[PDB]
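Colleague: There's a structure below that I have some questions on.
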Amino acid sequence: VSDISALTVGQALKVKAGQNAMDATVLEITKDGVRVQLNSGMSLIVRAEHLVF
């Protein structure tokens, strides 16, 4: 509710995998970033200053 940190789980946003965006789906969230599921097929996202939800 009101997003966990900067977003919520299952929010889904960008990770940017190799200079280009990719898309990744939130599995868990961090201090302000997340640990998403990469559309590349990974899971990680990054910190809030790197996500573009």
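Ligands are numbered from 1 in the order shown, chains are lettered A, B, ... in the order of the structure tokens, and residues start at 1 in each chain.
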From a DSSP pass on the backbone, collect the residues of chain A flagged as strand (DSSP E or B) and hand them back as a count of residues only.
Modeller: 14
Colleague: Find the residues near residue 17 in chain A: any atom within 9 Å, counting only C-alpha atoms, skip ones fewer than 6 places away on the same chain, and give them as a PyMOL selection string.
Modeller: chain A and resi 23+38-40
Colleague: Fewer than 3 positions away in the same chain doesn't count, so skip those; otherwise give me all residues within 8 Å of residue 13 in chain A, counting only C-alpha atoms, as a ChimeraX atom specification.
Modeller: /A:23-26,51-53
Colleague: Keeping only N, CA and C atoms, write those residues as a PDB file, in the first residue's frame.
Modeller:
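Okay, this is what ended up in selection20.pdb:
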ATOM      1  N   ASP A  23      13.032  -4.390 -18.847  1.00  0.00           N
ATOM      2  CA  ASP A  23      11.795  -4.579 -18.091  1.00  0.00           C
ATOM      3  C   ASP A  23      12.046  -5.632 -17.051  1.00  0.00           C
ATOM      4  N   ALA A  24      11.579  -5.394 -15.853  1.00  0.00           N
ATOM      5  CA  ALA A  24      11.770  -6.330 -14.800  1.00  0.00           C
ATOM      6  C   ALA A  24      10.640  -6.233 -13.793  1.00  0.00           C
ATOM      7  N   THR A  25      10.300  -7.342 -13.166  1.00  0.00           N
ATOM      8  CA  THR A  25       9.106  -7.389 -12.356  1.00  0.00           C
ATOM      9  C   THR A  25       9.436  -7.596 -10.891  1.00  0.00           C
ATOM     10  N   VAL A  26       8.905  -6.741 -10.049  1.00  0.00           N
ATOM     11  CA  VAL A  26       9.302  -6.712  -8.662  1.00  0.00           C
ATOM     12  C   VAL A  26       8.924  -7.986  -7.913  1.00  0.00           C
ATOM     13  N   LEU A  51      16.009   2.766 -11.059  1.00  0.00           N
ATOM     14  CA  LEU A  51      14.736   2.306 -11.531  1.00  0.00           C
ATOM     15  C   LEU A  51      13.965   3.451 -12.160  1.00  0.00           C
ATOM     16  N   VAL A  52      13.275   3.159 -13.241  1.00  0.00           N
ATOM     17  CA  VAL A  52      12.331   4.113 -13.815  1.00  0.00           C
ATOM     18  C   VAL A  52      10.930   3.507 -13.927  1.00  0.00           C
ATOM     19  N   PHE A  53      10.324   3.295 -12.774  1.00  0.00           N
ATOM     20  CA  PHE A  53       8.950   2.878 -12.675  1.00  0.00           C
ATOM     21  C   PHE A  53       8.011   3.920 -13.285  1.00  0.00           C
TER      22      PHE A  53
END
Colleague: How far is it from CA of residue 31 in chain A to CA of residue 7 in chain A, in Å with one decimal?
Modeller: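 Between these atoms lies a distance of 10.4 Å.
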Colleague: Could you jot down the CA of residue 14 in chain A to CA of residue 43 in chain A separation for me, Å, one decimal place?
Modeller: 11.5 Å
Colleague: Leaving out residue 34 in chain A and any residue of its chain fewer than 4 positions from it, which residues lie within 7 Å of it when counting only C-alpha atoms, given as a list in words?
Modeller: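 After dropping sequence-adjacent residues, the list is residues 26, 28, 29, 30, 44, 45, 46 and 47 of chain A.
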Colleague: Write out the residues from the selection above, keeping C-alpha atoms, as a PDB file, in the first residue's frame.
Modeller:
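Wrote result-v5.pdb, looks like this:
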ATOM      1  CA  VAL A  26       9.302  -6.712  -8.662  1.00  0.00           C
ATOM      2  CA  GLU A  28      11.128  -8.095  -3.503  1.00  0.00           C
ATOM      3  CA  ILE A  29      12.009  -4.555  -2.757  1.00  0.00           C
ATOM      4  CA  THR A  30      15.001  -2.883  -1.195  1.00  0.00           C
ATOM      5  CA  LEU A  44      18.026  -8.007  -9.077  1.00  0.00           C
ATOM      6  CA  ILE A  45      16.898  -4.618 -10.321  1.00  0.00           C
ATOM      7  CA  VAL A  46      19.151  -2.117  -8.481  1.00  0.00           C
ATOM      8  CA  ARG A  47      18.763   0.949  -6.275  1.00  0.00           C
TER       9      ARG A  47
END
Colleague: Counting only C-alpha atoms, which of A:36, A:27, A:5, A:12 gets nearest to residue 48 in chain A?
Modeller: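 Of the candidates, the smallest distance to residue 48 in chain A is held by A:5.
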Colleague: Quick one: distance from CA of residue 15 in chain A to CA of residue 50 in chain A in Å, one decimal?
Modeller: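 It comes out at 7.3 Å.
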